[PDB]
Amino acid sequence: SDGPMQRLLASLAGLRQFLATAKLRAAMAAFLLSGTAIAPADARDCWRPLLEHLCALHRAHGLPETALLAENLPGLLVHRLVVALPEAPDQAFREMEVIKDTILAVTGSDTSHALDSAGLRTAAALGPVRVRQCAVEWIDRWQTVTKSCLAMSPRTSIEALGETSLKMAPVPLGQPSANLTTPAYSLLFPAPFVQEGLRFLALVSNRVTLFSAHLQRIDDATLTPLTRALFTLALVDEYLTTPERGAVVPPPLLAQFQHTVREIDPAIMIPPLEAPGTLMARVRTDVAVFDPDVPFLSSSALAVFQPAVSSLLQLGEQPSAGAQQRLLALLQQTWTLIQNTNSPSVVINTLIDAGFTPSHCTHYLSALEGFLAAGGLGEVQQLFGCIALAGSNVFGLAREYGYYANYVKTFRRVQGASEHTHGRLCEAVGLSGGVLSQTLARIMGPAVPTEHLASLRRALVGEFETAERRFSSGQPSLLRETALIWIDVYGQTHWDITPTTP
Ligand code: NA
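Right, here's the structure in full:
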């Protein structure tokens, strides 16, 4: 078992028994940009002797570089401590807890005694007390928020409770992870344990977000009982049904569905909430709900009723002029809003409010594409094409929307493959020459972390200034480049920063 920390530990022990200058110093330079990263076990076994040898070997020679690496080795270690989180919550909180104990091991009082023993400083920006404070706050708050979202989530798993329904207030996609990116945490942003925690919390949070919106249009009174029951069927199909258990329905929701569905005109037929195939398919009718004289569908949420619409767009149907005027109002409002908005929360809310639940967007895509195969579209069909392309891609990026480094990669894959998926529709409607990648880019674009890397750079410059200043009056430490290259190379490697320095 060799590892970077292990390699420099063994290298540094032999130095203790200006050749030691070149060897020692090139060794530090080699540790700061070793390709691999430290596993928790390695840090836990090797933290003590490496720190002892570094503090005493520091004491004998008194170079600024030993002083700095000793003063800020905790943070430089958590910068390189690998994190792998499992899908299951138990395994995830467990796995995070082992790292909490790893940093507690790094930031022990023994390190403060061995730094103060060597005349060093324990209050360094990446020093033990600071790294301890920031990591502890971030991880504790991380559990509290992640479990909070995990409780008000659709719980269809084998894991036994009853899913909350009326409980939920609409949460934006970014609000849970928002406190965890404040500039206060800039010092630890490149750490894998922030990024991994943020993808986990993003995955739970976004699901809770969609579930919140769709619940909101469940419990609305202005909507017609037909529209109400339709949102109910969609909710059940997409968030409360698994291949493993047929239907997972709370008794209050099922009773509410019963009383609301008995109000519907028997001209339109609705299946009861009970366990294959989705329920939304089971709905059958012959009435043209789109006609304005007809009062059955709320003109607000008119695309919620997937069978009649999918028939409209597969069969290229020609609605009554009043019905069509009823459509182009909603479709054209929705698409004007989507076209001219940069808030993902707003576009989510307006897609769900219009009845454009993700699976619907899918069926709609399928319906048009199949139309263009057999056949140049009406404005109804073209606008459904717009909202369904942009809707499918916004809903795809929505699950993983976060401020972590991987959303750049996923976002690149998705906007790259946005237009080419269902190319006939996309070119026929106009999103062809990069326009859809432009829209998805403006609304779902990944956040830019230049400020966090700048701030951390300034802090590392400061620890360089003090650390050299005490140990070398003039300040010509050769290791500056070696420290800054990690910053630029992280920036362009994970975040694709250009990069640039002041
Ligand atoms: Na930089």
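Residues 22 to 38, 55 to 312, 340 to 439, 449 to 575 in full-length UniProt numbering are what the sequence shown lists, from first letter to last. No residue lacks a Cβ here, since even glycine has one placed at the ideal position from N, Cα and C.
Going by C-alpha positions, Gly-145 is about 14 Å away from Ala-107. Not one heavy atom of the ligand NA sits closer than 7 Å to the Cβ of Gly-535. In this structure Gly-449 is exposed. Its beta-carbon is surrounded by fewer than 16 other beta-carbon atoms within 10 angstroms.
Between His-90 and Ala-228, the CB-CB gap reaches or exceeds 8 Å. Short of 8 Å from the beta carbon of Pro-165, and not among the five residues preceding or following it, lie these beta carbons of its own chain, in chain order: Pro-111, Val-143, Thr-144, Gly-145, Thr-148, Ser-149, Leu-152, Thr-159. For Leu-377, the closest C-alpha among the options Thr-426, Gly-156, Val-182 is that of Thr-426.
The shortest C-alpha to C-alpha distance from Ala-155 to any of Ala-125, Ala-418, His-95 is the one to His-95. Residue nearest to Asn-216 within the set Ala-239, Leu-198, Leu-203, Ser-194 is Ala-239 (criterion: CA-CA distance). Under the three-pair Cβ rule at 8 Å, the stretch 268-285 does not count as touching the stretch 517-524.
A check of alpha carbon separations from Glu-538 across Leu-122, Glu-134, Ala-162 identifies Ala-162 as the nearest. Per the coordinates, the alpha-carbon of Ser-214 lies some 26 Å from the alpha-carbon of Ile-75. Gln-488 counts as buried, since at least 16 other C-beta atoms from the protein chains shown sit within 10 angstroms of its C-beta. Annotation: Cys-171 to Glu-492 spans about 42 Å, alpha carbon to alpha carbon.
Per DSSP, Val-534 is one residue of the alpha helix (DSSP H) stretching across 523-544. In terms of CA proximity to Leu-395, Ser-364 leads the group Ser-364, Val-410, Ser-423. Cβ contact annotation for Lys-60 (same chain, cutoff 7 Å, sequence separation greater than five): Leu-36, in chain order. Distance from the CA of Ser-362 to the CA of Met-306, rounded to the nearest whole angstrom, comes to 17 Å.
Excluding residues up to 5 positions away in sequence, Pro-262, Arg-265, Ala-266 lie with their Cβ nearer than 6 Å to the Cβ of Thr-297 in the same chain. In chain order, the residues that have a beta carbon nearer than 6 Å to some heavy atom of the ligand NA are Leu-526, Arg-530, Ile-560, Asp-561, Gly-564, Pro-572, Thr-574. In chain order, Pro-126, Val-241 place their CB closer than 7 Å to the CB of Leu-187, counting only its own chain and leaving out the 5 sequence neighbours on each side.
Across the structure, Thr-58 and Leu-30 are spaced so that their CA atoms are roughly 16 Å apart. The three-state secondary structure of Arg-158, taken from DSSP, is coil.
According to the DSSP assignment, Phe-230 belongs to the alpha helix (DSSP H) that extends over 229-255. In this structure, the straight-line span from the alpha carbon of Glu-311 to that of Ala-345 is close to 14 Å. When the Cα atoms are used, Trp-559 and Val-135 turn out to be separated by approximately 26 Å. Linking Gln-397 to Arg-192 through their CA atoms gives a straight-line distance of about 35 Å.
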